[PDB]
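> Below you will find the structure I want to go over with you.
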Amino acid sequence: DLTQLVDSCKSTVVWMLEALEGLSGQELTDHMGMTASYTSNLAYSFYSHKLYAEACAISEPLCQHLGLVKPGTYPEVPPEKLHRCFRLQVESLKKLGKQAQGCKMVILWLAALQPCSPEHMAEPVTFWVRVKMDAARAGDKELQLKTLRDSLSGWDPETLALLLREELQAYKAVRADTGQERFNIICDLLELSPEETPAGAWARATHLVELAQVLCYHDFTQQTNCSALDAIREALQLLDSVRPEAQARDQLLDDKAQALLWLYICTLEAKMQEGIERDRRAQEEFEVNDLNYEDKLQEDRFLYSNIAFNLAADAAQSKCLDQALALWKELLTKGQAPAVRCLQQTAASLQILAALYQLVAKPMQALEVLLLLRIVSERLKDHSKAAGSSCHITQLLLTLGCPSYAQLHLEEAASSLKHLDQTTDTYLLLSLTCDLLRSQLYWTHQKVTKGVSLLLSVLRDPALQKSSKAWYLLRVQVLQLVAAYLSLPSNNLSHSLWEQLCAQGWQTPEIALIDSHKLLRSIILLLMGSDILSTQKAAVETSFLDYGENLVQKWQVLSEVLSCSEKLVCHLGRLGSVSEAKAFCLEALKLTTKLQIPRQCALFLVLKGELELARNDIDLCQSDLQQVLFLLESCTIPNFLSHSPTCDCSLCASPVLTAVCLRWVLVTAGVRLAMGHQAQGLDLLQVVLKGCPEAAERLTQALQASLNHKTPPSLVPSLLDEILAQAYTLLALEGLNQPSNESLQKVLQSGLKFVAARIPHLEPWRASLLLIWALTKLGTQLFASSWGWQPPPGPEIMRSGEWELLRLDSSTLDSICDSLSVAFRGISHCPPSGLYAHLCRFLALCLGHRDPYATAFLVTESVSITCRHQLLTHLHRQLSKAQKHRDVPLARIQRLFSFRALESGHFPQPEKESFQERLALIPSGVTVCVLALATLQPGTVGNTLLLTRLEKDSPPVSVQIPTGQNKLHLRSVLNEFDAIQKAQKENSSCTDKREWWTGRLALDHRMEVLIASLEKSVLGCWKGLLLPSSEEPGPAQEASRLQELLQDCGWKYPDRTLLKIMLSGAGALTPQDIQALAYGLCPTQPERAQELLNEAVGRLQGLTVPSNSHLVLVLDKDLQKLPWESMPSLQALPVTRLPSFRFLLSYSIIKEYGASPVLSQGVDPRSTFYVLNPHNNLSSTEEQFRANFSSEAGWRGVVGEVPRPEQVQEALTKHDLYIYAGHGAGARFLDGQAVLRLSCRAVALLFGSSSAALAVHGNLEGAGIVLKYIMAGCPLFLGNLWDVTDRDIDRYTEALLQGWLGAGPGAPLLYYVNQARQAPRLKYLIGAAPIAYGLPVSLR
Ligand SMILES: [Zn+2]
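Numbering (the authors' numbering) for the sequence shown: 422 to 704, 710 to 1062, 1136 to 1278, 1285 to 1297, 1480 to 1486, 1528 to 1538, 1572 to 1647, 1667 to 2120.
As structure tokens, then:
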């Protein structure tokens, strides 16, 4: 058909070919050129029609003419035309899928292009590599053996070298493993270069560095018998002894520069290999109480390799990099165009150097490299590379805190982006990046409304989820931007935009940051494997595949991993989650030890020293700080103190390492301020006040010289502002303890101007300074007028990351209240644990009974905040897993615990609306009592107690008890309790019966006096608020009559409910209780009020019956130690304690969706797992319980052996009862993290020492394994508050088990808990110890 017609045309074309034949002269060549262009037109049609055969007919004549052209020399009759025509023929051979004749035919293409300058032979080699690759892809090894040298074998040896160089460069662009092919070419290249001619020494040197790149990532030493380091040092020796010509001095540079750069990389890789080898070869009777199990599990295999750093090689290493920058600076900054061979390899190498500088934390010199990269891209006219470099510059400048210089480079990227094609992936990726940069620029310049709009559109772009390593890195930066918006106060953004942001999936900033950290570790695993950081062998070793972009991405990912850890550690430390932060700090320290970077190590040691200070561990804090000094002093009262603001020392020229030094003085002052050395900590803190503005000035001065802008960058950058704010906080805190010194007073105002000028970035520090303002103005008291009540035997034994798989690259009072309102709204979205409690309780005192509902919400909001943060992080992991597998109960729990689930308005209207909804959810028959103490001075224990009683269909009731007036202060009770605990440890050492028993008996009497002191001295008459109410209509009527009469007696705030609760317990109202109540409530006429109360109490007496109900206690960090359950009044009621008020409502949500079989149905006695005597040192315990436990029906367990973790998981998830008799809470068998990941269904009866005890370290909140059990859904948890001896605690276990189990179906556990307290001989030292966490349970 058309092909047959083409055959006829080919016949005419053959006649035309014959016509061109014989014809001689440029005119004949012109006629031949016309025929060639016609053949090109015919080939265009044939190619379009895939008529390879028809094109091949013309190609056959053309190939013959190509062979004829090879005979002798022919002028460039068809420049590019010949290449394009031959390209069609090669494409036709590719269309024929036959590559055997393709490679010989590219030879004819090479033969046709023979007498030309090196730029001309650049296209055939790309095809030559390409026809090689697809044939190699199928597996044609024979064609792989064919390279240019043997194929040609007929060329000028010098020109053959340049052809071989082009093949090597083309092989780097191939996105597959090409180590062996590249190695073959280099060996042929080395053979050609003579070893005696001075010009041959140059060629030998250039070829040697290519071998170093191949050997650095491939083990080919079995063939070349030379290591990477020896070859690279051999190259430098040859380069040193060269005296070049003036024309080629440009090429001497970029050869010496590339050699020095690759000296650094291959010596760095050797150090990393050595570290992994050292690591791989490299790989406790406190059981009485495991409260510190995690602390010991952090290990001590540190602080040794840290001193193995800072050897003189580190500076010697940095000398190589700095000299390479100097040489490349000379070559490029000159006006004249460069004369190098491949400017692309110069551009590619510069990107690797730029990335390495950021890894070693030298960002200023990384900015110089990126400026030169843009210079190369402008000459190369590659618009994609110019935009990429400009985006990196803007990202770098923002981190340094310079929003002014960031904008110009952001706009330069936009202009260069237009020249690109709008359909490629590069355009889409770069457009999204610039919008992300613009969104961050809006956030820094206080334009949040438009910034949120841009970010939302970026998050809603369908292309962001494309599977590639470049997209994964953009996703990481998107998540870090989300945390920036999630850190803002509520007033910045409207309710509509807040809902849209939280609907994406991230609630709190730490959740977003943790998700970013997970993604980065996934990229590392997808790139280099996990041996670099995971420390454990993953039973597989992946390749690295250095194809150019993989090499630069390798160093970029590592830098961002360290950068992410810094933000995560600082933010988690500020909230109060010290334990979680130390895990991130230690993992980052391990990475920096393997890379051997002293600069990054010093920064992370400083942060760890800050964390240890918050836990009141001075010895470890002092150990860390001295390690910093050795690293700092060898790298460059410390010597760096008192430095002029022009110092060019290695520690006086870099902003990163100046911040490390500034934090050192702050942490050093904190240690001295806690050790009693005032006037030295104050003097130290003055230096940080002086230093920070000076440091910013030098960085501002230096940034100008680097970028060569004209004006100073408008406002001074903002990177040391956080340090200056914390320094200003500490100084004002010591002003309270020394109010005599008027000098510290101006600091409080001087600090406030600094913080108020940078709203809304230093908002947490603004809140702290406002709180000190309230306390300074503050100094019963002035809070009295807001409240309605004014005060009138043988010694016994004492018992890290989750990687994810990624797809292939394929009046004074009013002023104080108004001031605190501003501070509360600045931190409520993400409250720190310490500050929030102080603010809420202080505000609650001032509001008093002027607003009962706001008072109840404030007191409720101030307890167990760190648990609330950890629960929200836990829920995100739960919901994310469900989405991975493929949730209504989880969604409602998130809204219950969220911080931003509020409407708009003035304080406190939205909170009262949200609080009223929560009250309506309270189950019937439950009384919720909150006990917390108000601390006026932060850092000390207060003497004022707050009590709130919450019930269904009843307004909240609150009351204040000041204990400083009477003897037996609340601090005295707390001090006495700790004195008993210390004497218990000392008495255990004695080894005689008489002194042991006599001492133990005395301790029991002291505990009895303390418990009775709680009821009489502390609670007084207000113990009635803890007892339940009554259902008879008697009390309500009497309160109705008494309310009017009591108002005329002088009661400021008459409340109907308070009298009703107190009149219900009229049976136990002692006559002394009446006097305390009557005098406080009615100061005007105390005698008259006594008459009415006595008249009313007498009538109600005998006519009251107690009801069946439940009491739940919520206690703060200090009051949770004391045994409230063992008070004389509460020895007849079921009492449990919960972490917070919201936890009670969480059980109701879970209970309705059928997720708690124990609460819904009951406990089946035939589902029990016991762990008895695991460590085999409690013989008397075993013989008292072995026989009883074994004979029971359906009971399984482990005796005398350590259980496996798999056994314990089945017990908690599938069995109903878990009994542990041994040392501690069994944290070793099941740690805290393992408990959190499972759904706990069983009831935990852990009879170990200090199992249900929360450790209070410093001002941080309590921690323990009991919180993990409650957060996993445990119905009830039973444990001990202090240490107990085995023989007595065995009696308690016996009484509780025999009584409860033998009681029959339908028996409540709490009733028999109180019964068993009488079994032990020491009824107040051992009997009071067991407590219950959770909700009451029963048998089926
Ligand atoms: Zn200096």
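All C-beta atoms, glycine included, are put in the ideal place defined by N, C-alpha and C.
Kindly examine ligand 1 and report whether one of its heavy atoms sits closer than 6 angstroms to the Cβ of residue 809.
Numbered from 1 along the sequence shown, position 383 holds the residue referred to as residue 809. The answer is no for residue 809.
> The beta strand (DSSP E) that contains residue 708, what's its start and end?
Note on the chain: consecutive modelled numbers read 704 then 710, so residue 708 has no coordinates in the structure shown.
> Are the CB atoms of residue 1978 and residue 2010 within a distance shorter than 7 angstroms?
Within the sequence shown, numbered from 1, the residue matching residue 2010 stands at position 1230. Within the sequence shown, numbered from 1, the residue matching residue 1978 stands at position 1198. The answer is no: Cβ separation not under 7 angstroms.
> If you compare alpha carbons, which of 864, 1222, 999, 1953 is closest to residue 832?
The residue you call residue 832 lines up with position 406 of the sequence shown. It is 864.
> Hey, residue 1803 and residue 1909 are a contact pair by Cβ (cut 8 angstroms); roughly how many whole angstroms apart?
Within the sequence shown, numbered from 1, the residue matching residue 1803 stands at position 1023. Within the sequence shown, numbered from 1, the residue matching residue 1909 stands at position 1129. Contact holds; Cβ gap of about 6 angstroms.
> Is the separation between the beta-carbon of residue 2105 and that of residue 1575 shorter than 7 angstroms?
The sequence position of residue 2105 within the sequence shown is 1325, counting from 1. The sequence position of residue 1575 within the sequence shown is 814, counting from 1. No, they are not a contact pair.
> Applying the 10 Å Cβ sphere with the 16-neighbour rule, what's the burial state of residue 1675?
Here residue 1675 corresponds to residue number 895 of the sequence shown, with the count starting at 1. Exposed.
> In three-state terms, what does DSSP make of residue 1895?
To locate residue 1895, count along the sequence shown from 1; it is residue 1115. Here residue 1895 sits in strand by DSSP.
> Under the criterion of a Cβ to heavy atom distance below 6 angstroms, does residue 871 qualify as lining ligand 1?
Stepping through the sequence shown from its first residue, residue 871 is reached at position 445. Checking every heavy atom of ligand 1 against the Cβ of residue 871, none is found closer than 6 angstroms.
> What is the rounded straight-line gap between the Cα of residue 910 and the Cα of residue 1192?
Within the sequence shown, the letter at position 484 stands for residue 910. Within the sequence shown, the letter at position 693 stands for residue 1192. So the two alpha carbons sit approximately 25 angstroms from each other.
> With C-beta atoms as the reference, is residue 1485 less than 7 angstroms away from residue 1938?
For the purposes of this step, residue 1485 is taken as residue 798 along the sequence shown, with counting starting at 1. For the purposes of this step, residue 1938 is taken as residue 1158 along the sequence shown, with counting starting at 1. Not in contact: residue 1485 and residue 1938 (Cβ atoms no closer than 7 angstroms).
> Say the cut is 6 angstroms; is the CB of residue 1191 nearer than that to a heavy atom of ligand 1?
Stepping through the sequence shown from its first residue, residue 1191 is reached at position 692. Result no, Cβ not under 6 angstroms from ligand 1.
> Quick one: residues in its chain with C-beta nearer than 8 angstroms to the C-beta of residue 1254, no 5 flanking neighbours on either side, listed in chain order?
On the sequence shown, position 755 is the one that residue 1254 refers to. Around residue 1254: 1224, 1227, 1261, 1264, 1265, 1268.
> Have a look at 784, 729, 736 and flag the residue whose alpha-carbon is nearest the alpha-carbon of residue 747.
Position 321 of the sequence shown, counted from the start, is the residue given in the question as residue 747. The residue with the shortest Cα to Cα distance from residue 747 is 784.
> Closer than 8 angstroms by C-beta to residue 2062: which residues in its own chain qualify, once you throw out the five before and the five after it? Chain order, please.
As a position in the sequence shown, residue 2062 is number 1282, starting the count at 1. Cβ within range, chain order: 1761, 1764, 2029, 2030, 2033, 2109.
> Is residue 1914 near residue 2116, with beta carbons less than 7 angstroms apart?
Position 1134 of the sequence shown, counting from 1, holds the residue named residue 1914. Position 1336 of the sequence shown, counting from 1, holds the residue named residue 2116. Yes. Within cutoff.
> How big is the Cα-Cα spacing for residue 1903 and residue 886?
Taking the sequence shown and counting its residues from 1, one reaches residue 1903 at position 1123. Taking the sequence shown and counting its residues from 1, one reaches residue 886 at position 460. For residue 1903 and residue 886, the distance between alpha carbons rounds to 54 angstroms.
> Rounded to the nearest angstrom, how far is the Cβ of residue 1943 from that of residue 1997, given a contact under 8 angstroms?
Looking up residue 1943 in the sequence shown gives position 1163. Looking up residue 1997 in the sequence shown gives position 1217. Their Cβ separation, rounded to whole angstroms, is 6 angstroms, which keeps residue 1943 and residue 1997 in contact under 8 angstroms.
> Quick one: residues in its chain with C-beta nearer than 6 angstroms to the C-beta of residue 1725, no 5 flanking neighbours on either side, listed in chain order?
Position 945 of the sequence shown holds residue 1725. Only 1713, 1741 meet the Cβ criterion.
> Looking only at its chain, what residues have a beta carbon closer than 8 angstroms to the beta carbon of residue 1877, apart from the 5 residues adjacent to it on each side?
Against the sequence shown, residue 1877 aligns to sequence position 1097. Contacts found: 1843, 1846, 1849, 1854.
> Need the endpoints of the beta strand (DSSP E) that residue 1741 sits in, please.
Counted from its first residue, the sequence shown places residue 1741 at position 961. It spans 1737-1742 - the beta strand (DSSP E) in which residue 1741 sits, taken as one unbroken run.
> Enumerated in chain order, which unbroken segments of the beta strand (DSSP E) with a length of 3 residues or greater are wholly contained in the region 1898-1937?
Fully enclosed beta strand (DSSP E) runs of 3 or longer: 1915-1917.
> When the Cβ atoms of the region 758-778 are set against those of the region 662-672, are three or more pairs found closer than 8 angstroms?
Yes, they touch.
> Can you have a look at residue 685 and say buried or exposed, based on whether 16 or more other CB atoms are within 10 angstroms of its CB?
Counting from one through the sequence shown, the residue named residue 685 turns up at place 264. Counting Cβ neighbours within 10 Å, residue 685 comes out buried, since at least 16 surround it.
> Rounded to whole angstroms, what is the Cα-Cα separation between residue 712 and residue 1951?
Here residue 712 refers to the residue found at position 286 of the sequence shown. Here residue 1951 refers to the residue found at position 1171 of the sequence shown. If you take the alpha carbons of residue 712 and residue 1951, they lie about 19 angstroms apart.
> Give a single yes or no on whether residue 1599 has its beta carbon closer than 6 angstroms to a heavy atom of ligand 1.
Position 838 of the sequence shown, counted from the start, is the residue given in the question as residue 1599. Result no, Cβ not under 6 angstroms from ligand 1.
> Looking only at its chain, what residues have a beta carbon closer than 6 angstroms to the beta carbon of residue 838, apart from the 5 residues adjacent to it on each side?
Against the sequence shown, residue 838 aligns to sequence position 412. Only 816 meet the Cβ criterion.
> Given residue 437, which residues of its chain have a CB within under 6 angstroms of its CB, disregarding the five upstream and five downstream residues?
As a working note, residue 437 is residue 16 in the sequence shown. Excluding residues within five positions, the ones whose Cβ falls inside 6 angstroms are 456.
> Just to confirm my understanding: we take residue 638, look at its own chain, exclude 5 residues before and 5 after, and list those with CB closer than 7 angstroms. What are they?
Numbered from its first residue, the sequence shown carries residue 638 at position 217. Excluding residues within five positions, the ones whose Cβ falls inside 7 angstroms are 970, 972.
> Mind checking whether the beta-carbon of residue 639 lies closer than 6 angstroms to any heavy atom of ligand 1?
Counting from 1 along the sequence shown, the entry for residue 639 is found at position 218. False, no ligand heavy atom lies under 6 angstroms from that Cβ.
> Would you mind stating whether residue 1053 and residue 1755 have Cβ atoms separated by less than 7 angstroms?
Residue numbering aside, residue 1053 sits at position 627 when the sequence shown is read from its first letter. Residue numbering aside, residue 1755 sits at position 975 when the sequence shown is read from its first letter. No, they are not a contact pair.
> Is the beta carbon of residue 1035 closer than 7 angstroms to that of residue 1166?
The count along the sequence shown starts at 1 and reaches residue 1166 at position 667. The count along the sequence shown starts at 1 and reaches residue 1035 at position 609. Yes.
> Could you give the residue range of the beta strand (DSSP E) that holds residue 1977?
Within the sequence shown, residue 1977 is the residue found at index 1197, counting from 1. Residue 1977 -> beta strand (DSSP E) spans 1975-1979.
> Are the CB atoms of residue 656 and residue 629 nearer to each other than 7 angstroms?
Taking the first residue of the sequence shown as 1, we reach residue 656 at position 235. Taking the first residue of the sequence shown as 1, we reach residue 629 at position 208. Taking 7 angstroms as the Cβ cut-off, residue 656 and residue 629 qualify as a contacting pair.
> Taking the beta carbon of residue 1683 as the centre, do at least 16 other beta carbons fall within 10 Å, making it buried, or is it exposed?
By 1-based counting over the sequence shown, the position of residue 1683 is 903. Residue 1683 is exposed by the Cβ-count criterion.
> Does the distance from the CB of residue 983 to the CB of residue 940 come in under 7 angstroms?
Walking along the sequence shown from the start, residue 983 turns up at place 557. Walking along the sequence shown from the start, residue 940 turns up at place 514. Their beta carbons are not under 7 angstroms apart, which means residue 983 does not touch residue 940 by this criterion.
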